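Have a look at the structure below before the remarks.
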Amino acid sequence: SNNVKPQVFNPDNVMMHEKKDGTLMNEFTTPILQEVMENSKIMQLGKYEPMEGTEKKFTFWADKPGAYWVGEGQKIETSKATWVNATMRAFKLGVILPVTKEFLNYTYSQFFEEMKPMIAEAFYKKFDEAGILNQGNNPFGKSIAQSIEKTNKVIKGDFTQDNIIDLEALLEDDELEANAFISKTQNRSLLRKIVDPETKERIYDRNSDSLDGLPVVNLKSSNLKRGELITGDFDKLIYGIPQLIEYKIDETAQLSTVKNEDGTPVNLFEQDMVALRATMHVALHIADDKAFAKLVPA
Amino acid sequence: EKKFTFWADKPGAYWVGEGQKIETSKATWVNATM
Amino acid sequence: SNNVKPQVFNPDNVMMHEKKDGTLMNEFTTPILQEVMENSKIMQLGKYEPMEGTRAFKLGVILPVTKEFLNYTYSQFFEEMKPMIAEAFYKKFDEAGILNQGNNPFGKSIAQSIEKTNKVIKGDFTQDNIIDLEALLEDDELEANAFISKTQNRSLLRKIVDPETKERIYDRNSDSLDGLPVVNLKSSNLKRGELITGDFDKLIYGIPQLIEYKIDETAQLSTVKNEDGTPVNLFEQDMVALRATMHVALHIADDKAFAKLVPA
Amino acid sequence: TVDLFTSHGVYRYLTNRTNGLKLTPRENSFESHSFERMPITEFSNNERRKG
């Protein structure tokens, strides 16, 4: 055929050194990042749990024996212990970045360096939005928002010391104590302008980002609205990581999720392409569905 | 005159079932000048 | 595999141990080179340009081989084939740059330079026609550097003698005409009676990537269909393929620097 | 609890895994030492440091 125009891809996910208008992209100035990569908020708040396989078993005492008064020479009555079991399973995060080898040579050699951190950020954010907010096709049948929904442990109303105290009280109503707050950075404006009328001290430390003495963690997600606040005994949120982020780069596979202009799948060898695969295994478990409560605007 | 390149789009990520096809994603950048 | 009929491939580019008629090439004798291996003429004549990045274009080829052939017929095939691919790349590049043949991707070529400037001499090979051909260059202050010729016309060049000095203008031992070296093109497109000359320092080329070879035992050759139309899978059909690629760039700095002699 | 030894002194910090090992200086974090090089020494079982 000797068709020298560049290969069109659908979707347009392939990095290329030549544009279909004939522009050739030498002398490329490597992009710079106007941001700091976000940490996993679940890895921050929750409790790590060693996990060798894709599954984990927990067992806890449930019932404790009673005891009896007995008269002299009377028969001593019996009693019994009981236990309960729980379990957690892992799921897989992954993404593939395809690159044309001309691009990989004559434009941006460091590309499969610079992407690895942005990939890790994407994984962390996916994980957090699944486990905290039950968003992004949460694979686990478990989440904070879902525990809150089953318990209906929600307070309605404005950010006030009244409602914030009531929110925390909602946990000790089940003999649990709040350990931290999850909030949307948009709302520290509201927290900054609430004060106790009696002691005349403000509940939120603008300097230390502490609410009622507890640490506040900010979500970047757009799903959590300004007026919404979440709290819980995060030591009851258990996470495990059976396989840390693995990267593999391949120069010969087939990609089926990318098609050529004629509709044929992209073959990395025959077409002279390279692609980077990232995968991670993450497991989430709510140890006690009652340990979380939410404040929502009316 | 000055010119800048900044990242504009982060690669996505997908939940992949056991033995499902990993979907692809792309990065993107934008140019500015002074 | 257990197939007793050999696999028909379309196109039939796959090397095989067994012919279509059932002949196994067992015990097979090592091939030998009946001809000298050809070297790039524009890489010989033109001026090299150190170049970083790519205008360039990509040359490439894939040679599939059945592992039975790679085992039981000619084990060393892929070592002995690399030069033959380098030949093929040289010939493709030479034919594109010189003759504007073979779907050359560049918008530049010697044939196009001559066809644009109309710097062509109609005539048979004679001392006066050789001198006029050279004068077509020296008219524009450029001096001929070499000649490009179809080797089959040395029979014509030997018949010309300078009538003053009364000697052969063509040294058949040196293969130099009027003191200038003549390079031979093996390609079929330059006809018997055609001769080309120019100041080849005005022709510039670059090579961003030398010939890179990669041998693969796993890829899918979409372009080669099995008899049933399914694409060839190397690993599953027990097959191997060698990929070769190169990047070349061509530039003509002054398109009046080339002239051509052609039969009337 | 984290101790960091430099060529001029020991720095003391506190951390926890949950906050991402953010080092916070301990009360009276710094303590000078009179050597002129980092005090800890390492020994090696072989070139590869293998058991």
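Read top to bottom, the protein sequences are chains L, H, G and C.
When the letters of the first sequence are read in order and numbered with my numbering, they come out as residues 1 to 298.
When the letters of the second sequence are read in order and numbered with my numbering, they come out as residues 1001 to 1034.
When the letters of the third sequence are read in order and numbered with my numbering, they come out as residues 2001 to 2264.
When the letters of the fourth sequence are read in order and numbered with my numbering, they come out as residues 3001 to 3051.
Backbone N, C-alpha and C fix where the C-beta goes; we use that ideal spot for every residue, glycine too.
Can you name the residues of chain L whose CB is closer than 8 angstroms to the CB of residue i?
| i | result |
| --- | --- |
| residue 2062(G) | 270 |
| residue 1056(H) | The first residue shown for chain H is 1001 and the last is 1034, placing residue 1056(H) beyond what the model contains. |
Strictly below 7 angstroms CB to CB, what residues from chain L border residue i?
| i | result |
| --- | --- |
| residue 2103(G) | 2 |
| residue 2053(G) | 26, 106 |
| residue 2089(G) | In chain order: nothing, as chain L lies at least about 14 angstroms away. |
| residue 2057(G) | 4 |
Give the residues of chain C in contact with residue i, contact being defined as C-beta atoms less than 9 angstroms apart.
| i | result |
| --- | --- |
| residue 48(L) | 3017, 3018 |
| residue 44(L) | 3018, 3019, 3020 |
Is it the case that the Cβ atoms of residue i and residue j are separated by a distance below 8 angstroms?
| i | j | result |
| --- | --- | --- |
| residue 73(L) | residue 144(L) | no |
| residue 41(L) | residue 219(L) | yes |
| residue 99(L) | residue 273(L) | yes |
| residue 2045(G) | residue 2092(G) | no |
| residue 2263(G) | residue 2128(G) | no |
| residue 2193(G) | residue 2153(G) | yes |
| residue 2244(G) | residue 2211(G) | yes |
| residue 7(L) | residue 260(L) | yes |
| residue 2096(G) | residue 2061(G) | no |
| residue 153(L) | residue 294(L) | yes |
| residue 37(L) | residue 242(L) | no |
| residue 195(L) | residue 202(L) | yes |
| residue 171(L) | residue 47(L) | no |
| residue 82(L) | residue 62(L) | yes |
| residue 114(L) | residue 89(L) | no |
| residue 2217(G) | residue 2195(G) | no |
| residue 3006(C) | residue 3014(C) | no |
| residue 2213(G) | residue 2082(G) | yes |
| residue 9(L) | residue 148(L) | no |
| residue 118(L) | residue 1026(H) | no |
| residue 2057(G) | residue 2106(G) | yes |
| residue 2189(G) | residue 2099(G) | yes |
| residue 1024(H) | residue 191(L) | no |
Count the other CB atoms within 10 Å of the CB of residue i; is the residue buried (16 or more) or exposed (fewer)?
| i | result |
| --- | --- |
| residue 211(L) | buried |
| residue 106(L) | buried |
| residue 3043(C) | exposed |
| residue 254(L) | buried |
| residue 2029(G) | exposed |
| residue 1006(H) | exposed |
| residue 1003(H) | exposed |
| residue 2241(G) | buried |
| residue 2182(G) | buried |
| residue 3033(C) | exposed |
| residue 2143(G) | exposed |
| residue 142(L) | buried |
| residue 120(L) | buried |
Residue i versus chain H: which residues are under 8 angstroms apart at the beta carbon?
| i | result |
| --- | --- |
| residue 223(L) | Under the 8 angstroms cutoff, chain H gives no residues; its nearest Cβ is about 16 angstroms from residue 223(L). |
| residue 13(L) | 1024, 1025, 1026 |
Name, please, each residue of chain H whose Cβ falls closer than 7 angstroms to the Cβ of residue i.
| i | result |
| --- | --- |
| residue 18(L) | Under the 7 angstroms cutoff, chain H gives no residues; its nearest Cβ is about 16 angstroms from residue 18(L). |
| residue 126(L) | 1013 |
Between residue i and the ligand GTP, is the CB less than 7 angstroms from at least one heavy atom?
| i | result |
| --- | --- |
| residue 122(L) | Questions concerning the ligand GTP fall outside what the structure shown contains, since it holds no ligand whatsoever. |
For residue i, return the contacting residues in chain H, with the cut-off set at a CB-CB distance below 9 angstroms.
| i | result |
| --- | --- |
| residue 118(L) | 1007, 1010, 1011, 1027 |
> In chain order, what residues of the segment 1021 to 1032 of chain H put their CB closer than 8 angstroms to some CB of chain L?
Replying inline: So the close ones are 1021, 1022, 1023, 1024, 1025, 1026, 1027, 1029.
>> Short of 7 angstroms Cβ to Cβ, which residues in the segment 20 to 39 of chain L face chain G?
In response: From the segment 20 to 39 of chain L, only 24, 26 have a Cβ closer than 7 angstroms to chain G.
> If you measure beta-carbon to beta-carbon, which residues of the segment 256 to 288 of chain L are closer than 7 angstroms to chain G?
Replying inline: Taking 7 angstroms as the upper bound on Cβ-Cβ separation, chain G lies near residues 264, 267, 269, 270, 272 of the segment 256 to 288 of chain L.
>> Any C-beta of chain G within less than 7 angstroms: which residues of the segment 233 to 259 of chain L qualify?
In response: Result list: 252, 254.
>> Tell me which residues of the segment 98 to 112 of chain L have at least one Cβ-Cβ distance to chain G shorter than 7 angstroms, keeping chain order.
In response: When C-beta distances to chain G are compared with 7 angstroms, the residues of the segment 98 to 112 of chain L below that value are 106, in chain order.
>> Please give me, in chain order, every unbroken run of the beta strand (DSSP E) with length at least 3 that falls completely inside the segment 248 to 274 of chain L.
In response: Listed in chain order, they are 254 to 260, 265 to 267.
> Can you give, in chain order, each stretch of the alpha helix (DSSP H) that sits fully within the segment 2031 to 2083 of chain G and has at least 4 residues?
Replying inline: List check, alpha helix (DSSP H) in window: 2041 to 2045, 2067 to 2072.
> Going along the chain, which unbroken runs of the alpha helix (DSSP H) with 4 or more residues stay wholly within the segment 2108 to 2160 of chain G?
Replying inline: Under the rule that a run must span 4 or more residues, the alpha helix (DSSP H) segments found entirely inside the segment 2108 to 2160 of chain G read 2110 to 2117, 2127 to 2138, 2154 to 2157.
>> Threshold first: 4 residues or longer. Then list the alpha helix (DSSP H) segments lying entirely within the segment 3016 to 3047 of chain C, N to C.
In response: List check, alpha helix (DSSP H) in window: nothing returned.
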